[PDB]
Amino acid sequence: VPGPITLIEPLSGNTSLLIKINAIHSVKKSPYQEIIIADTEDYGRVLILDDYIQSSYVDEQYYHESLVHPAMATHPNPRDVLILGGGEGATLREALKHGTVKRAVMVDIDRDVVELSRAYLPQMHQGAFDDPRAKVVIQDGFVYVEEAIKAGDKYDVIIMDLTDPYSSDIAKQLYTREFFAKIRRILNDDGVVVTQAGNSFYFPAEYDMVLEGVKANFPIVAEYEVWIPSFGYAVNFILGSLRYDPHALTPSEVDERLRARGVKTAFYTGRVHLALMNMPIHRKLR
């Protein structure tokens, strides 16, 4: 039974997790959110924002590989990547593994998250912030996208790695139908977007809202989920595509693209892709 020091992680409002804490490395009230970096017995080091674990050493690769690789592998040649959120740098780490990437931009609203990750989460970023192909921008992603439309910027793959649509004030504007219309305006004609969408089991209304938003703007939409122990649930992802269909990729094609591009993974493979594409998402059944 966990203790004596414990994190109470909110899950649904009607369920929470109690997680044994071994140490607290940092506590910072930023202008945007409360940040904690801590060591947990079960999950090793974690980043916590407003009481929610964002990432853990023992299971973050399940999250970041699931977020990034299906989209990157679906695109036959992703050269320009935009990441909204991803403050710990693991999303950037995964995207930069694709040898085809020439430019990766990461936009986070909160300098404190990026700085504390640089210092305390080395196994997450793994030097990605200093890759010559990477640019880290501190800005509200809403404003950044407006400015990119004005400039006529274009990306192959846009990855949204934000705080949750069911809980997060600072990210709420990025989950609307209107924002996805803007995302489409900064994609190439064969581009792909992927976002995490919370959890369809515990937060179906918020999930459905994000889904409707993506569907209104993209002809091809894939929904898939992965269990992340440290979150207490299976995260839902939504992949929106303008041309290429993730459902049409075979295990062999996935593995060949990963190999050709020099992508090493702890989890994601062609067989995983097939499973993600075929497993329906969880809903309350009664």
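Residue numbers run from 1 along the displayed sequence.
- Higher mean CA B-factor, judged across 220-228 and 29-37 from the recorded values: 29-37.
- Relative to one another, 147-155 and 201-209 have unequal mean CA B-factors, and 147-155 is the one with the higher figure.
- In the deposited coordinates, the residue among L82, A95, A71, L187 with the greatest CA B-factor is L187.
- Set against one another, the Cα B-factors of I5, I8, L285, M279 in the record reach their highest point at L285.
- Ranked by Cα temperature factor within the chain, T163 sits in the middle third according to the deposited record.
- For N22, the recorded CA temperature factor ranks within the highest third of the chain's modelled residues.
- Remark: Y244 belongs to the highest third of its chain, ranked by C-alpha B-factor as recorded.
- In the deposited entry, the Cα temperature factor of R259 places it in the highest third of its chain's modelled residues.
- The deposited CA B-factor of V194 belongs to the lowest third of values across its chain.
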